[PDB]
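Take a look at the letters that make up each chain.
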Amino acid sequence: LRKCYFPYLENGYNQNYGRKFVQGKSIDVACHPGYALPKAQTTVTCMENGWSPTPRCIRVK
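Residues numbered from 1 in each chain as written, not as in the entry; some residues may be left out. Heavy atoms only, no water.

Structure determination for this entry, per the PDB record, employed solution NMR.

Here is the structure:
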């Protein structure tokens, strides 16, 4: 029952970097044009500290 720390996105806008959220939460993560999250998502779900879908901004193109 953790509290995910929001990490730094190399190819994304770390607007939320520095914030902590409790597991069972979601939050939007804007990445640069052509970068996004898994499952075509823009939102990450706080789970077990390590964000369910993982905020990393992969290149969609």
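Back to the text.
Peer 1: I would appreciate a short explanation of the overall build of the chain in the present structure.
Peer 2: Looking only at helices and strands, the chain has zero helices and six strands in total. Reading the chain from its N end, one meets helices and strands in the order β-β-β-β-β-β. The C-alpha radius of gyration computed for the chain amounts to 11 Å, which stays within 12% of the reference 10 Å derived for 61 residues, consistent with globular compactness. The buried share among the 61 residues of the chain stands at 30%. (Helix = DSSP H or I, 4+ residues; strand = E, 2+ residues; numbered from the N terminus. Rg over C-alpha atoms; globule rule 2.2 N^0.38 Å. Buried < 20%, exposed > 50% of the residue type's maximum accessible area, 1.4 Å probe, protein only.)

Peer 1: Teacher, can you tell me more about unusual backbone geometry here?
Peer 2: Backbone geometry follows two general trends: most residues other than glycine have a negative phi, and most peptide bonds adopt the trans configuration. You will see that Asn-49, though not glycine, has its phi angle at about 70°, which is positive. As for its position among the elements, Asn-49 is in the loop between strand 5 (43–46) and strand 6 (58–59). Classification of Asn-49 by relative accessible area gives partly exposed; the value is 34%. In this structure, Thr-54 is a non-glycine residue whose phi angle is positive, near 70°. Checked against the element boundaries, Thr-54 lands in the loop between strand 5 and strand 6. You can call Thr-54 partly exposed: its relative accessible area is 34%.

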